[PDB]
file input-v6.pdb (PDB, C-alpha atoms and all ligand atoms)
ATOM      1  CA  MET A   1     -90.792 -22.820 -21.835  1.00  0.00           C
ATOM      2  CA  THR A   2     -87.300 -22.168 -23.218  1.00  0.00           C
ATOM      3  CA  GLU A   3     -84.399 -21.756 -20.804  1.00  0.00           C
ATOM      4  CA  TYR A   4     -81.659 -19.214 -21.506  1.00  0.00           C
ATOM      5  CA  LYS A   5     -78.311 -19.441 -19.702  1.00  0.00           C
ATOM      6  CA  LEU A   6     -76.959 -15.933 -19.209  1.00  0.00           C
ATOM      7  CA  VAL A   7     -73.586 -15.106 -17.657  1.00  0.00           C
ATOM      8  CA  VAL A   8     -72.719 -11.660 -16.238  1.00  0.00           C
ATOM      9  CA  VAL A   9     -68.956 -11.017 -16.631  1.00  0.00           C
ATOM     10  CA  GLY A  10     -66.629  -8.104 -15.991  1.00  0.00           C
ATOM     11  CA  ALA A  11     -64.076  -6.606 -13.637  1.00  0.00           C
ATOM     12  CA  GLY A  12     -64.458  -6.289  -9.910  1.00  0.00           C
ATOM     13  CA  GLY A  13     -66.767  -3.627  -8.534  1.00  0.00           C
ATOM     14  CA  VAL A  14     -68.463  -2.613 -11.784  1.00  0.00           C
ATOM     15  CA  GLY A  15     -71.917  -3.631 -10.466  1.00  0.00           C
ATOM     16  CA  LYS A  16     -72.584  -7.114 -11.874  1.00  0.00           C
ATOM     17  CA  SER A  17     -74.329  -8.226  -8.657  1.00  0.00           C
ATOM     18  CA  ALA A  18     -76.259  -4.982  -8.226  1.00  0.00           C
ATOM     19  CA  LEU A  19     -77.588  -5.263 -11.776  1.00  0.00           C
ATOM     20  CA  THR A  20     -78.570  -8.907 -11.327  1.00  0.00           C
ATOM     21  CA  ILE A  21     -80.222  -8.348  -7.958  1.00  0.00           C
ATOM     22  CA  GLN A  22     -82.214  -5.417  -9.382  1.00  0.00           C
ATOM     23  CA  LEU A  23     -83.543  -7.783 -12.054  1.00  0.00           C
ATOM     24  CA  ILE A  24     -84.307 -10.652  -9.680  1.00  0.00           C
ATOM     25  CA  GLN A  25     -85.369  -8.881  -6.497  1.00  0.00           C
ATOM     26  CA  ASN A  26     -86.152  -5.243  -7.411  1.00  0.00           C
ATOM     27  CA  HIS A  27     -83.851  -3.587  -4.920  1.00  0.00           C
ATOM     28  CA  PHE A  28     -80.439  -1.949  -4.959  1.00  0.00           C
ATOM     29  CA  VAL A  29     -77.601  -3.451  -2.929  1.00  0.00           C
ATOM     30  CA  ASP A  30     -75.654  -0.426  -1.634  1.00  0.00           C
ATOM     31  CA  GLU A  31     -72.926  -2.412   0.127  1.00  0.00           C
ATOM     32  CA  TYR A  32     -70.116  -4.182  -1.702  1.00  0.00           C
ATOM     33  CA  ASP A  33     -69.821  -7.912  -1.000  1.00  0.00           C
ATOM     34  CA  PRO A  34     -67.409  -9.392  -3.549  1.00  0.00           C
ATOM     35  CA  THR A  35     -68.931 -12.405  -5.254  1.00  0.00           C
ATOM     36  CA  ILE A  36     -67.505 -15.927  -5.463  1.00  0.00           C
ATOM     37  CA  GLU A  37     -70.265 -17.139  -7.788  1.00  0.00           C
ATOM     38  CA  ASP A  38     -74.042 -16.663  -7.442  1.00  0.00           C
ATOM     39  CA  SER A  39     -76.846 -18.036  -9.596  1.00  0.00           C
ATOM     40  CA  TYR A  40     -80.493 -17.106 -10.067  1.00  0.00           C
ATOM     41  CA  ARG A  41     -83.477 -18.438 -11.980  1.00  0.00           C
ATOM     42  CA  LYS A  42     -86.330 -16.166 -13.035  1.00  0.00           C
ATOM     43  CA  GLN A  43     -89.351 -16.734 -15.246  1.00  0.00           C
ATOM     44  CA  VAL A  44     -90.099 -13.640 -17.334  1.00  0.00           C
ATOM     45  CA  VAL A  45     -92.191 -12.843 -20.392  1.00  0.00           C
ATOM     46  CA  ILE A  46     -90.076 -11.355 -23.169  1.00  0.00           C
ATOM     47  CA  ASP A  47     -91.816 -10.558 -26.447  1.00  0.00           C
ATOM     48  CA  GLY A  48     -94.715 -12.753 -25.425  1.00  0.00           C
ATOM     49  CA  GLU A  49     -92.446 -15.737 -24.815  1.00  0.00           C
ATOM     50  CA  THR A  50     -92.394 -17.320 -21.364  1.00  0.00           C
ATOM     51  CA  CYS A  51     -88.724 -18.058 -20.765  1.00  0.00           C
ATOM     52  CA  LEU A  52     -86.614 -19.258 -17.863  1.00  0.00           C
ATOM     53  CA  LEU A  53     -83.503 -17.162 -17.301  1.00  0.00           C
ATOM     54  CA  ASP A  54     -80.667 -19.071 -15.624  1.00  0.00           C
ATOM     55  CA  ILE A  55     -78.316 -16.232 -14.670  1.00  0.00           C
ATOM     56  CA  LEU A  56     -74.760 -16.648 -13.382  1.00  0.00           C
ATOM     57  CA  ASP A  57     -73.217 -13.687 -11.547  1.00  0.00           C
ATOM     58  CA  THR A  58     -69.457 -14.202 -11.634  1.00  0.00           C
ATOM     59  CA  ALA A  59     -66.482 -12.995  -9.657  1.00  0.00           C
ATOM     60  CA  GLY A  60     -64.733  -9.832 -10.805  1.00  0.00           C
ATOM     61  CA  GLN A  61     -61.162 -10.233  -9.521  1.00  0.00           C
ATOM     62  CA  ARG A  62     -63.543 -18.864 -15.774  1.00  0.00           C
ATOM     63  CA  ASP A  63     -63.384 -21.416 -18.554  1.00  0.00           C
ATOM     64  CA  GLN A  64     -66.284 -23.428 -17.112  1.00  0.00           C
ATOM     65  CA  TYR A  65     -68.773 -20.523 -17.060  1.00  0.00           C
ATOM     66  CA  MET A  66     -67.630 -19.454 -20.491  1.00  0.00           C
ATOM     67  CA  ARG A  67     -68.366 -22.933 -21.839  1.00  0.00           C
ATOM     68  CA  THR A  68     -71.783 -23.147 -20.217  1.00  0.00           C
ATOM     69  CA  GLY A  69     -73.162 -19.674 -20.900  1.00  0.00           C
ATOM     70  CA  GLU A  70     -75.293 -19.153 -23.969  1.00  0.00           C
ATOM     71  CA  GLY A  71     -75.074 -15.345 -23.830  1.00  0.00           C
ATOM     72  CA  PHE A  72     -72.819 -12.914 -21.974  1.00  0.00           C
ATOM     73  CA  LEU A  73     -73.608  -9.609 -20.305  1.00  0.00           C
ATOM     74  CA  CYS A  74     -70.213  -7.874 -20.575  1.00  0.00           C
ATOM     75  CA  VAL A  75     -70.297  -5.177 -17.894  1.00  0.00           C
ATOM     76  CA  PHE A  76     -67.899  -2.301 -17.448  1.00  0.00           C
ATOM     77  CA  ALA A  77     -68.284   0.803 -15.300  1.00  0.00           C
ATOM     78  CA  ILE A  78     -68.201   4.213 -17.003  1.00  0.00           C
ATOM     79  CA  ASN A  79     -65.905   5.428 -14.223  1.00  0.00           C
ATOM     80  CA  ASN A  80     -63.416   2.613 -14.576  1.00  0.00           C
ATOM     81  CA  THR A  81     -61.269   2.713 -17.740  1.00  0.00           C
ATOM     82  CA  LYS A  82     -59.520  -0.596 -16.984  1.00  0.00           C
ATOM     83  CA  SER A  83     -62.877  -2.347 -16.711  1.00  0.00           C
ATOM     84  CA  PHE A  84     -63.708  -1.120 -20.219  1.00  0.00           C
ATOM     85  CA  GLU A  85     -60.335  -2.267 -21.545  1.00  0.00           C
ATOM     86  CA  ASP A  86     -60.980  -5.648 -19.898  1.00  0.00           C
ATOM     87  CA  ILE A  87     -63.966  -6.266 -22.195  1.00  0.00           C
ATOM     88  CA  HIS A  88     -61.717  -7.111 -25.152  1.00  0.00           C
ATOM     89  CA  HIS A  89     -59.930  -9.753 -23.089  1.00  0.00           C
ATOM     90  CA  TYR A  90     -63.185 -11.261 -21.844  1.00  0.00           C
ATOM     91  CA  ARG A  91     -64.518 -11.419 -25.392  1.00  0.00           C
ATOM     92  CA  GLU A  92     -61.360 -13.056 -26.748  1.00  0.00           C
ATOM     93  CA  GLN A  93     -61.422 -15.623 -23.931  1.00  0.00           C
ATOM     94  CA  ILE A  94     -65.065 -16.452 -24.646  1.00  0.00           C
ATOM     95  CA  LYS A  95     -64.422 -16.812 -28.382  1.00  0.00           C
ATOM     96  CA  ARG A  96     -61.480 -19.128 -27.634  1.00  0.00           C
ATOM     97  CA  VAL A  97     -63.350 -21.325 -25.149  1.00  0.00           C
ATOM     98  CA  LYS A  98     -66.375 -21.468 -27.459  1.00  0.00           C
ATOM     99  CA  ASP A  99     -64.052 -22.117 -30.425  1.00  0.00           C
ATOM    100  CA  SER A 100     -66.309 -19.705 -32.265  1.00  0.00           C
ATOM    101  CA  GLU A 101     -66.464 -16.175 -33.636  1.00  0.00           C
ATOM    102  CA  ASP A 102     -70.230 -15.717 -33.074  1.00  0.00           C
ATOM    103  CA  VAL A 103     -71.277 -15.643 -29.417  1.00  0.00           C
ATOM    104  CA  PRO A 104     -74.358 -13.766 -28.127  1.00  0.00           C
ATOM    105  CA  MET A 105     -73.223 -10.767 -26.083  1.00  0.00           C
ATOM    106  CA  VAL A 106     -74.398  -7.352 -24.940  1.00  0.00           C
ATOM    107  CA  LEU A 107     -72.022  -4.572 -23.817  1.00  0.00           C
ATOM    108  CA  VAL A 108     -73.205  -2.826 -20.661  1.00  0.00           C
ATOM    109  CA  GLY A 109     -71.843   0.481 -19.368  1.00  0.00           C
ATOM    110  CA  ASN A 110     -72.979   0.599 -15.763  1.00  0.00           C
ATOM    111  CA  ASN A 111     -72.802   3.397 -13.153  1.00  0.00           C
ATOM    112  CA  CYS A 112     -74.274   5.840 -15.650  1.00  0.00           C
ATOM    113  CA  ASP A 113     -75.678   7.883 -12.732  1.00  0.00           C
ATOM    114  CA  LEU A 114     -72.198   8.936 -11.623  1.00  0.00           C
ATOM    115  CA  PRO A 115     -70.471  12.201 -12.590  1.00  0.00           C
ATOM    116  CA  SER A 116     -67.000  10.595 -12.654  1.00  0.00           C
ATOM    117  CA  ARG A 117     -66.939   9.373 -16.240  1.00  0.00           C
ATOM    118  CA  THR A 118     -63.751   8.315 -17.902  1.00  0.00           C
ATOM    119  CA  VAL A 119     -65.258   6.135 -20.687  1.00  0.00           C
ATOM    120  CA  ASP A 120     -67.290   8.061 -23.258  1.00  0.00           C
ATOM    121  CA  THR A 121     -70.564   6.734 -24.628  1.00  0.00           C
ATOM    122  CA  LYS A 122     -69.063   6.981 -28.130  1.00  0.00           C
ATOM    123  CA  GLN A 123     -66.026   4.851 -27.185  1.00  0.00           C
ATOM    124  CA  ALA A 124     -68.342   2.104 -26.073  1.00  0.00           C
ATOM    125  CA  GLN A 125     -70.842   2.466 -28.914  1.00  0.00           C
ATOM    126  CA  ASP A 126     -67.971   2.269 -31.364  1.00  0.00           C
ATOM    127  CA  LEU A 127     -66.599  -0.878 -29.668  1.00  0.00           C
ATOM    128  CA  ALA A 128     -69.999  -2.578 -29.677  1.00  0.00           C
ATOM    129  CA  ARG A 129     -70.437  -1.662 -33.326  1.00  0.00           C
ATOM    130  CA  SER A 130     -67.094  -3.280 -34.162  1.00  0.00           C
ATOM    131  CA  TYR A 131     -68.075  -6.451 -32.277  1.00  0.00           C
ATOM    132  CA  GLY A 132     -71.554  -6.412 -33.840  1.00  0.00           C
ATOM    133  CA  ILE A 133     -73.409  -6.452 -30.493  1.00  0.00           C
ATOM    134  CA  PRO A 134     -75.771  -4.106 -28.654  1.00  0.00           C
ATOM    135  CA  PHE A 135     -74.591  -1.489 -26.157  1.00  0.00           C
ATOM    136  CA  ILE A 136     -76.803  -0.442 -23.240  1.00  0.00           C
ATOM    137  CA  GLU A 137     -75.995   2.111 -20.541  1.00  0.00           C
ATOM    138  CA  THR A 138     -77.354   1.243 -17.137  1.00  0.00           C
ATOM    139  CA  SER A 139     -77.527   2.269 -13.514  1.00  0.00           C
ATOM    140  CA  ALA A 140     -78.217  -0.408 -10.949  1.00  0.00           C
ATOM    141  CA  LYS A 141     -78.889   2.445  -8.492  1.00  0.00           C
ATOM    142  CA  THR A 142     -81.694   4.116 -10.427  1.00  0.00           C
ATOM    143  CA  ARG A 143     -82.641   0.891 -12.318  1.00  0.00           C
ATOM    144  CA  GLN A 144     -82.147   2.720 -15.656  1.00  0.00           C
ATOM    145  CA  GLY A 145     -81.588   0.178 -18.425  1.00  0.00           C
ATOM    146  CA  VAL A 146     -81.547  -2.928 -16.204  1.00  0.00           C
ATOM    147  CA  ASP A 147     -84.412  -4.819 -17.799  1.00  0.00           C
ATOM    148  CA  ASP A 148     -83.334  -3.652 -21.288  1.00  0.00           C
ATOM    149  CA  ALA A 149     -79.849  -5.094 -20.798  1.00  0.00           C
ATOM    150  CA  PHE A 150     -80.996  -8.582 -19.881  1.00  0.00           C
ATOM    151  CA  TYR A 151     -83.922  -8.729 -22.309  1.00  0.00           C
ATOM    152  CA  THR A 152     -81.683  -7.538 -25.145  1.00  0.00           C
ATOM    153  CA  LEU A 153     -79.304 -10.389 -24.366  1.00  0.00           C
ATOM    154  CA  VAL A 154     -82.171 -12.923 -24.613  1.00  0.00           C
ATOM    155  CA  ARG A 155     -83.077 -11.395 -27.988  1.00  0.00           C
ATOM    156  CA  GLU A 156     -79.454 -11.799 -29.125  1.00  0.00           C
ATOM    157  CA  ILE A 157     -79.474 -15.459 -28.108  1.00  0.00           C
ATOM    158  CA  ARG A 158     -82.699 -16.012 -30.054  1.00  0.00           C
ATOM    159  CA  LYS A 159     -81.133 -14.362 -33.115  1.00  0.00           C
ATOM    160  CA  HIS A 160     -78.061 -16.565 -32.783  1.00  0.00           C
ATOM    161  CA  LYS A 161     -80.247 -19.649 -32.664  1.00  0.00           C
ATOM    162  CA  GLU A 162     -81.924 -18.615 -35.918  1.00  0.00           C
ATOM    163  CA  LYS A 163     -78.615 -17.740 -37.591  1.00  0.00           C
ATOM    164  CA  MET A 164     -77.287 -21.197 -36.673  1.00  0.00           C
ATOM    165  CA  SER A 165     -80.398 -23.051 -37.848  1.00  0.00           C
ATOM    166  CA  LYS A 166     -80.367 -21.181 -41.167  1.00  0.00           C
ATOM    167  CA  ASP A 167     -76.589 -21.663 -41.420  1.00  0.00           C
ATOM    168  CA  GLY A 168     -77.061 -25.432 -41.418  1.00  0.00           C
ATOM    169  CA  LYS A 169     -79.517 -25.348 -44.315  1.00  0.00           C
TER     170      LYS A 169
HETATM  171  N1  LIG A 201     -73.967   4.685  -8.012  1.00  0.00           N
HETATM  172  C1  LIG A 201     -73.935   3.409  -8.391  1.00  0.00           C
HETATM  173  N2  LIG A 201     -73.407   2.481  -7.583  1.00  0.00           N
HETATM  174  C2  LIG A 201     -73.462   1.241  -8.097  1.00  0.00           C
HETATM  175  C3  LIG A 201     -73.966   0.864  -9.297  1.00  0.00           C
HETATM  176  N3  LIG A 201     -73.838  -0.492  -9.490  1.00  0.00           N
HETATM  177  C4  LIG A 201     -73.242  -0.917  -8.405  1.00  0.00           C
HETATM  178  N4  LIG A 201     -73.012   0.086  -7.500  1.00  0.00           N
HETATM  179  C5  LIG A 201     -72.298  -0.053  -6.218  1.00  0.00           C
HETATM  180  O1  LIG A 201     -70.990  -0.473  -6.535  1.00  0.00           O
HETATM  181  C6  LIG A 201     -70.475  -1.347  -5.506  1.00  0.00           C
HETATM  182  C7  LIG A 201     -70.138  -2.668  -6.176  1.00  0.00           C
HETATM  183  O2  LIG A 201     -71.275  -3.298  -6.795  1.00  0.00           O
HETATM  184  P1  LIG A 201     -71.346  -4.825  -7.002  1.00  0.00           P
HETATM  185  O3  LIG A 201     -72.630  -5.127  -7.738  1.00  0.00           O
HETATM  186  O4  LIG A 201     -71.099  -5.598  -5.739  1.00  0.00           O
HETATM  187  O5  LIG A 201     -70.097  -5.035  -7.988  1.00  0.00           O
HETATM  188  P2  LIG A 201     -69.629  -6.443  -8.627  1.00  0.00           P
HETATM  189  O6  LIG A 201     -69.277  -6.164 -10.056  1.00  0.00           O
HETATM  190  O7  LIG A 201     -70.684  -7.501  -8.403  1.00  0.00           O
HETATM  191  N5  LIG A 201     -68.226  -6.796  -7.759  1.00  0.00           N
HETATM  192  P3  LIG A 201     -67.524  -8.351  -7.690  1.00  0.00           P
HETATM  193  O8  LIG A 201     -66.979  -8.617  -9.079  1.00  0.00           O
HETATM  194  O9  LIG A 201     -66.375  -8.261  -6.623  1.00  0.00           O
HETATM  195  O10 LIG A 201     -68.602  -9.295  -7.199  1.00  0.00           O
HETATM  196  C8  LIG A 201     -71.610  -1.503  -4.496  1.00  0.00           C
HETATM  197  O11 LIG A 201     -71.421  -0.533  -3.459  1.00  0.00           O
HETATM  198  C9  LIG A 201     -72.845  -1.160  -5.331  1.00  0.00           C
HETATM  199  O12 LIG A 201     -73.775  -0.459  -4.516  1.00  0.00           O
HETATM  200  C10 LIG A 201     -74.513   1.872 -10.167  1.00  0.00           C
HETATM  201  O13 LIG A 201     -75.008   1.694 -11.281  1.00  0.00           O
HETATM  202  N6  LIG A 201     -74.450   3.132  -9.618  1.00  0.00           N
HETATM  203 MG    MG A 202     -70.592  -9.316  -7.413  1.00  0.00          MG
END
call {"tool": "encode", "arguments": {"input": "input-v6.pdb", "output": "structure tokens", "more": "lines below"}}
Ligand SMILES: Nc1nc2c(ncn2[C@@H]2O[C@H](COP(=O)(O)OP(=O)(O)NP(=O)(O)O)[C@@H](O)[C@H]2O)c(=O)[nH]1
Ligand SMILES: [Mg+2]
result
Amino acid sequence: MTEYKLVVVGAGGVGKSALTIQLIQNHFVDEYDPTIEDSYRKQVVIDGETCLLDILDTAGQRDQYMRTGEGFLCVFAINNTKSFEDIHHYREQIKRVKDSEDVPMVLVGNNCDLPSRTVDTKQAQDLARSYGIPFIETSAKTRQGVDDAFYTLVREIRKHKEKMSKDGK
């Protein structure tokens, strides 16, 4: 099969671990145990391809994981304006470490079940459109969007691989 190295990045407390554990283990972690660094491997069928997902769940509050990752799940929380503002800085850091302008990424607005919203859907859709990447709203609590976020990132990596192979021709 093909292995895909995915890295979940973003500010503290936005739900990176809860999203990843929903994908891997199908349950919601209600408690908040700040991560040092956790890794998971999951075989899944995406678009009738058997792939191995190697997923790195990073600390919220770097260069090595940015070098290794093939695609980045850039998570903010819709109730945390700073976490949304942080995305630009994560993206610039990744571009710098990769020495490249084209890096597979998906923007994820988590906590979409909460009423305390300070980041509008349009703000985030507009940002993703500028970066040329998908935007998915998710809730690790209700599982809304979880599979879509990770599978979309695999699709972006596949597209990148084709754009690079055709770029070399
Ligand atoms: N209502 C709701 N709570 C969520 C959601 N995602 C995460 N949480 C809660 O938010 C808290 C932090 O989640 P967690 O996944 O640990 O955040 P993190 O981004 O991994 N933090 P760190 O960067 O310190 O490891 C936990 O109490 C978790 O239950 C969500 O979509 N909705
Ligand atoms: Mg965590």
call {"tool": "residues_near_ligand", "arguments": {"input": "input-v6.pdb", "ligand": "ligand LIG 201 (chain A)", "cutoff": "8 Å", "atoms": "all atoms listed in the file", "output": "number ranges by chain"}}
result
A: 10-20, 28-36, 57-61, 75, 77, 110-114, 138-143
call {"tool": "closest_residue", "arguments": {"input": "input-v6.pdb", "among": "A:107, A:83, A:73, A:39", "to": "residue A:126", "atoms": "only C-alpha atoms"}}
result
A:107
call {"tool": "closest_residue", "arguments": {"input": "input-v6.pdb", "among": "A:63, A:38, A:102, A:148", "to": "ligand MG 202 (chain A)", "atoms": "only C-alpha atoms and all ligand atoms"}}
result
A:38
call {"tool": "resolve_selection", "arguments": {"input": "input-v6.pdb", "expression": "the PyMOL selection byres (((chain A and resi 69) around 10) and not hetatm)", "output": "compact mmCIF listing (two decimals) with C-alpha atoms, in the frame of the given file"}}
result
# COMPACT_ATOMS: atom_id res chain seq x y z
CA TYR A 4 -81.66 -19.21 -21.51
CA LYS A 5 -78.31 -19.44 -19.70
CA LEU A 6 -76.96 -15.93 -19.21
CA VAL A 7 -73.59 -15.11 -17.66
CA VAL A 8 -72.72 -11.66 -16.24
CA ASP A 54 -80.67 -19.07 -15.62
CA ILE A 55 -78.32 -16.23 -14.67
CA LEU A 56 -74.76 -16.65 -13.38
CA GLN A 64 -66.28 -23.43 -17.11
CA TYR A 65 -68.77 -20.52 -17.06
CA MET A 66 -67.63 -19.45 -20.49
CA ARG A 67 -68.37 -22.93 -21.84
CA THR A 68 -71.78 -23.15 -20.22
CA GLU A 70 -75.29 -19.15 -23.97
CA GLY A 71 -75.07 -15.34 -23.83
CA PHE A 72 -72.82 -12.91 -21.97
CA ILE A 94 -65.06 -16.45 -24.65
CA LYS A 98 -66.38 -21.47 -27.46
CA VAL A 103 -71.28 -15.64 -29.42
CA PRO A 104 -74.36 -13.77 -28.13
call {"tool": "atom_distance", "arguments": {"input": "input-v6.pdb", "atom1": "atom CA of residue A:108", "atom2": "atom CA of residue A:123"}}
result
12.4 Å
call {"tool": "closest_residue", "arguments": {"input": "input-v6.pdb", "among": "A:52, A:128, A:37, A:96", "to": "ligand MG 202 (chain A)", "atoms": "all atoms listed in the file"}}
result
A:37
call {"tool": "closest_residue", "arguments": {"input": "input-v6.pdb", "among": "A:9, A:133, A:1, A:164", "to": "ligand MG 202 (chain A)", "atoms": "all atoms listed in the file"}}
result
A:9
call {"tool": "atom_distance", "arguments": {"input": "input-v6.pdb", "atom1": "atom CA of residue A:151", "atom2": "atom CA of residue A:47"}}
result
9.1 Å
call {"tool": "residues_near_point", "arguments": {"input": "input-v6.pdb", "point": "(-66.6, -5.2, -23.3)", "cutoff": "7 Å", "atoms": "all atoms listed in the file", "output": "PyMOL selection string"}}
result
chain A and resi 74-76+84+86-88+91+107
call {"tool": "write_last_selection", "arguments": {"input": "input-v6.pdb", "atoms": "C-alpha atoms", "output": "compact mmCIF listing (two decimals), keeping the file's coordinate frame"}}
result
# COMPACT_ATOMS: atom_id res chain seq x y z
CA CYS A 74 -70.21 -7.87 -20.58
CA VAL A 75 -70.30 -5.18 -17.89
CA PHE A 76 -67.90 -2.30 -17.45
CA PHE A 84 -63.71 -1.12 -20.22
CA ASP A 86 -60.98 -5.65 -19.90
CA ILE A 87 -63.97 -6.27 -22.20
CA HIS A 88 -61.72 -7.11 -25.15
CA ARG A 91 -64.52 -11.42 -25.39
CA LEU A 107 -72.02 -4.57 -23.82
call {"tool": "atom_distance", "arguments": {"input": "input-v6.pdb", "atom1": "atom CA of residue A:82", "atom2": "atom CA of residue A:157"}}
result
27.3 Å
call {"tool": "resolve_selection", "arguments": {"input": "input-v6.pdb", "expression": "the PyMOL selection byres (((chain A and resi 134) around 9) and not hetatm)", "output": "MDAnalysis selection string"}}
result
chainID A and resid 105:108 125 128:129 131:133 135:136 149 152:153 156
call {"tool": "resolve_selection", "arguments": {"input": "input-v6.pdb", "expression": "the PyMOL selection byres (((chain A and resi 79) around 7) and not hetatm)", "output": "list in words"}}
result
residues 77, 78, 80, 81, 116, 117, 118 and 119 of chain A
call {"tool": "closest_residue", "arguments": {"input": "input-v6.pdb", "among": "A:2, A:115, A:144, A:122", "to": "residue A:46", "atoms": "only C-alpha atoms"}}
result
A:2
call {"tool": "closest_residue", "arguments": {"input": "input-v6.pdb", "among": "A:62, A:150, A:121, A:159", "to": "residue A:137", "atoms": "only C-alpha atoms"}}
result
A:121
call {"tool": "decode", "arguments": {"input": "input-v6.pdb", "residues": "stretch 58-73 of chain A", "atoms": "C-alpha atoms", "output": "compact mmCIF listing (two decimals), in the first residue's frame"}}
result
# COMPACT_ATOMS: atom_id res chain seq x y z
CA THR A 58 1.71 17.58 17.93
CA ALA A 59 1.93 19.83 20.95
CA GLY A 60 -0.07 23.05 20.93
CA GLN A 61 1.88 25.36 23.27
CA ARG A 62 8.66 21.96 15.42
CA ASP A 63 11.08 22.01 12.52
CA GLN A 64 11.52 18.22 12.59
CA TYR A 65 7.80 17.40 12.21
CA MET A 66 7.46 20.06 9.56
CA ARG A 67 10.27 18.45 7.56
CA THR A 68 8.86 14.94 7.88
CA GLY A 69 5.16 15.55 7.28
CA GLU A 70 3.82 15.14 3.78
CA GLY A 71 0.52 16.92 4.53
CA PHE A 72 -0.67 19.14 7.36
CA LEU A 73 -4.02 19.31 9.12
